[PDB]
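J.: Below you'll find the sequence and an experimental structure to go with it.
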Protein chains: 6
Amino acid sequence: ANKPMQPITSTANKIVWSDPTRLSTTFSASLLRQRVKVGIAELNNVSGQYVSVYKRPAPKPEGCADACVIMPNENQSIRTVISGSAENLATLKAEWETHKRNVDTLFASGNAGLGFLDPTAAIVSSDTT
Amino acid sequence: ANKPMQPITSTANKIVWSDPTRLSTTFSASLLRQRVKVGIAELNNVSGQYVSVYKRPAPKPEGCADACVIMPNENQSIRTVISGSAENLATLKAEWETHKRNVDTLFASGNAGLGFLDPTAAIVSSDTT
Amino acid sequence: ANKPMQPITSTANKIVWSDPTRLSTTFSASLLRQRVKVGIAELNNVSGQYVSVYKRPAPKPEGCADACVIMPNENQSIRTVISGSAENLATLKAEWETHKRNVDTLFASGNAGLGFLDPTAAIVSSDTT
Amino acid sequence: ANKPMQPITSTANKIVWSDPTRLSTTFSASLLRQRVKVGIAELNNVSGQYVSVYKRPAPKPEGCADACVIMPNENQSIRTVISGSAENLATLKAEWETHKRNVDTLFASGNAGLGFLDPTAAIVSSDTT
Amino acid sequence: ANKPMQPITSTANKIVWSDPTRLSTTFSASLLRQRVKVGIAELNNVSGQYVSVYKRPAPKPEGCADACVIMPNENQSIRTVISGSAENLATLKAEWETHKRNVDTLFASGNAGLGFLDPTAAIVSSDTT
Amino acid sequence: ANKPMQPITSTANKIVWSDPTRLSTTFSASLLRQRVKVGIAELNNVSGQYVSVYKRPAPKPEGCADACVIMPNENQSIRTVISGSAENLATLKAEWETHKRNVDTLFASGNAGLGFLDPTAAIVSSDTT
């Protein structure tokens, strides 16, 4: 059961959520809207920026812990930007699913977080056969 | 059975994938590593940028049955950046899962794609009760 | 039965062929001869440049059955340069056959046409065991 | 039985092969890719350059050879570049076959290597009657 | 079963490996290939530089099982350079084997590590009787 | 049965061997011992340099049994530097074994001698699982 998060700043262009128990953990969503003339029709793209920030204390005393000393914190950030026409929402969602799958293959099941690249990784496209 | 990809340009710092049947579809993986050490500790930081690009045609008119009418492509881009120390990889993966859930709540099941933010969205944190 | 070609502009230094039915298709041969002599020897080398030009219509959309829609042509060019002494004609022909085989195994049976190189290709030399 | 040739430099943009017994014999393939807007659709042009180099010694002592003296070397080079859209690979391969046939009928079965042009040679196009 | 490594930096002239568990230890190989002008001969040299580093901790003091390791780890490196013509690769391999045996005699089974150069050691060459 | 050498230069810091049959072949070992100041520790490093040289003749031309050898010999050199604290000599020996295995994988059994760095070679570390 994940702890619910409630907003602190609400705006039509940006909303920020923070954990009531630890306000250092934040999650922000910002949308930017423009009109782009792609096919001589004014398509309305949306550039959504999603940022998740967690400040994580990692003194990392390997094996031993006796009392609480001041934790020095590091910043863990995950930023996601999705850009596309609103008229192609279903296709953008399919692209998002494919992006999740590819990033999972590289990072969650691979060693990309440790600074490695696998050219033999099974990266797959959004289109189907 | 989604269409597989093969690498086109290969560097240990940056590898970009492509679909042989459609070269406009690309997936980029770039890792930047720096030794950003906190006080009296050593930490290896791995910043990971993942970019997925698809060029999708504009939507055809709803009441159209013509055989072949091609209209110009629009740019669909999804970009994720993950920054964190190598020592905290498992917990960074947990943060990534929570980020997945939050973006899914806002975008996949919401109207963030069309450009509407809902302050009442059920956003949750990585920590459990 | 391939369509025959006739010469359109004629010079002993350069002769250009062209298809009477499609003047956009051309094939030329240009020979440049110089007396580049190596030490205590006399050698006459002939550098030959051959270009094939075909202007092809762009590929029609796959799900199309329209009678006549014409899209602008793209330039397809294949240029081959052969440089060598006249005394070594047999060895130059052997090198040309080996070049055929290597370019074929890279291009026709490979993916270099789309833009992928295979470090595991079976490239061979003209010499025999 | 032609001798296998193994690579010495491997890169996504250039791979060079060299004969283990004679490293002076090389075969290099270089790919250069751009996006060209021919038909208001961004075709992916691929320009592959293939170079075969053989340093052949031609002191050419006509009739007699008694002992091994230093061989002065001349360079034999064959350079081929193929340019075309990736979406027309089949027709590009047909163009390659026609180019091979025409260069053969000029060079292998003709006298082009010695510095001659034959205006009555049977040059053919890729199109079929 | 030793822990394998993956390449963190890949280049046509230098590849660097690193252990996923410990990023401190690396193994990098660099090759420099040049043409060497020798009398009445054209032979090309290949120089290889292989380095191995491990950042092992300084040795723990005697009789104290401290709660957490705080030892200020040191630098421990081995560097090897192999230079020779590719024409004589079999000889270079034999020389490498002989060099390994001699270094093992002086160091692996000797006390060169503590600083003693034994002048009665049995050093043997690549040539056999 | 390899031919042993005898020392031509004996010094407390450097010993040089040389084959009685061929004086060109020499093996040298030089040790540099210093005290290294590491936090709350006093441990002394010993750096050892090992050099092997062979003045092999360049390879004979093909098909000629010349009366006397006149070939202008070349230089083959192998240089190894091992640096580490004498307190950790056993682990230094383990690192030496791992380094030997890695160099054998790349060079002895691979094509690193001709100048090719294989990015998929099986490199293993000193640590065991």
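T.: Structure received. Residues are numbered from 1 along each chain as shown, chains lettered A, B, ... in the order given.
J.: contacts and neighbour counts: CA atoms only from here.
T.: Will do.
J.: Quickly find the element holding residue A:54.
T.: Per DSSP states H and E, residue A:54 falls inside strand A:42-57.
J.: Phi, psi for the residue of chain A most remote from its centre please.
T.: Largest separation from the mean C-alpha position in chain A: residue A:66, at 35.2 Å (CA atoms, centre = their mean). For residue A:66, the backbone dihedrals (degrees, to the nearest 10) come out as phi -120, psi -50.
J.: quick one, what contacts the residue of chain A found nearest chain D?
T.: Chain D sits closest to residue A:39 of chain A, with a gap of 10.9 Å, by CA to the nearest CA. Taking CA atoms under 8 Å, 6 or more residues apart in numbering or on different chains, we find residue A:39 in contact with B:58, B:71, B:72, B:73.
J.: Kindly report the same for residue A:18.
T.: A:5, A:6, A:7, A:8, A:24, A:25, A:26, A:27.
J.: top of the residues you listed by neighbour count?
T.: Of all the contacts of residue A:18, residue A:27 has the most neighbours under the rule other CA atoms under 10 Å in any protein chain shown, reaching 26 neighbours.
J.: Please identify the helix or strand for that one.
T.: Going by DSSP H and E, residue A:27 is in strand A:26-37.
J.: does residue A:99 sit in a helix, a strand or a coil?
T.: The three-state label given to residue A:99 by DSSP: H, G, I helix; E, B strand; the rest coil is helix.
J.: what's the burial count for residue A:128?
T.: Neighbours of residue A:128 (other CA under 10 Å): 9.
J.: same question, residue A:113
T.: Counted with other CA under 10 Å, residue A:113 comes out at 29.
J.: counting contacts, what elements does the strand holding residue A:54 pack onto?
T.: Other elements packing on strand A:42-57 under the criterion 3 or more CA pairs under 8 Å, 6 or more residues apart in numbering or on different chains; DSSP states H and E are strand A:26-37, strand A:73-85.
J.: Can you lay out those strands as JSON lines showing distance to chain F?
T.: Below are the helices and strands packed on strand A:42-57 laid out as JSON lines (distance: least, CA to the nearest CA, whole Å):
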{"stretch": "strand A:26-37", "distance to chain F": "40"}
{"stretch": "strand A:73-85", "distance to chain F": "25"}
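J.: Say whether chain B is contacted by stretch A:59-77.
T.: Yes. With CA under 8 Å from any CA of the partner chain as the measure, stretch A:59-77 is seen reaching chain B through A:59, A:72, A:73, A:74, A:75, A:76, A:77.
J.: show me the contacts for the closest residue to residue A:106 other than its chain neighbours.
T.: Leaving out its chain neighbours, the residue that sits closest to residue A:106 by CA to CA, 6 or more residues apart in numbering or on different chains is residue A:112, at 5.9 Å. Neighbouring residues of residue A:112 by CA under 8 Å, 6+ apart: A:106, B:31, B:48.
J.: and the gap between residue A:112 and residue B:83?
T.: 11 Å (CA to CA, to the nearest Å).
J.: What residues sit buried inside stretch A:34-48?
T.: A:38, A:43, A:44, A:45, A:46, A:47, A:48 (16 or more other CA atoms under 10 Å in any protein chain shown).
J.: burial measure for the nearest residue to the last one once chain neighbours are set aside, as a count.
T.: Yep, that's residue A:48 we're talking about. Of all residues not flanking residue A:48 in the chain, residue A:31 sits nearest, at 4.4 Å (CA to CA, 6+ apart). The number of residues packed near residue A:31 is 22, by other CA under 10 Å.
J.: Residue A:31 contacts residue A:51, doesn't it?
T.: No. The pair residue A:31 / residue A:51 is not scored as a contact, 11.8 Å apart, by CA atoms under 8 Å.
J.: Serialize the contacts of residue A:112 to CSV and add fields for distance to residue F:17.
T.: Formatted as CSV, the contacts of residue A:112 follow (distance: CA to CA, whole Å):
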residue, distance to residue F:17
A:106, 54
B:31, 49
B:48, 53
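J.: quick one: which of these is nearest chain C?
T.: Relative to chain C, the closest of the contacts of residue A:112 is residue A:106; by CA to the nearest CA it sits at 21.2 Å.
J.: you'd agree that closest one is in a helix?
T.: Yes. Judged by three-state DSSP, residue A:106 forms part of a helix.
J.: roughly how far apart are it and residue A:10?
T.: Going from residue A:106 to residue A:10 by CA to CA gives 35 Å.
J.: Pick out whichever of the two has more residues nearby.
T.: residue A:106 (21 against 13).
J.: residue contacts, that one?
T.: Residues in contact with residue A:106 (CA under 8 Å, 6+ apart) are A:112, A:117, A:118, A:121.
J.: Now, of the contacts of residue A:39, which are buried?
T.: Neighbour counting over these (16+ other CA under 10 Å) leaves B:58, B:71, B:73 as the buried ones.
J.: What is the three-state secondary structure of residue A:113?
T.: Using three-state DSSP, the structure places residue A:113 in helix.
J.: wait, it sits on residue B:48?
T.: Yes. The criterion here is CA under 8 Å, and residue A:113 meets it with residue B:48 at 7.3 Å.
J.: Quick check: residue A:34 touching residue A:83?
T.: No. Counting by CA under 8 Å, residue A:34 stays clear of residue A:83, with 10.7 Å between them.
J.: Common neighbours of those two, please.
T.: A:45, A:46.
J.: quick one, what contacts residue A:116?
T.: For residue A:116, the contact set (CA under 8 Å, 6+ apart) comprises B:12, B:31, E:6, E:7, E:8.
J.: so it sits in a helix?
T.: No. Applying three-state DSSP, one finds residue A:116 to be coil, outside a helix.
J.: on that earlier part again, ok, and of the residues of stretch A:59-77 next to chain B, which contact chain C?
T.: Counting by CA under 8 Å from any CA, no member of the residues of stretch A:59-77 next to chain B reaches chain C.
J.: Dump those into TSV; add distance to residue D:92 as well.
T.: As requested, the residues of stretch A:59-77 next to chain B are arranged in TSV below (distance: CA to CA, whole Å):
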residue	distance to residue D:92
A:59	61
A:72	62
A:73	59
A:74	55
A:75	53
A:76	50
A:77	48
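J.: Select only the buried ones of these in ChimeraX?
T.: To isolate the buried ones among those in ChimeraX, judged by 16+ other CA under 10 Å, type:
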select /A:59,74,76,77
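J.: nearest to residue E:101, of the residues of stretch A:59-77 next to chain B?
T.: Nearest to residue E:101 out of the residues of stretch A:59-77 next to chain B is residue A:59 (CA to CA; 45.4 Å).
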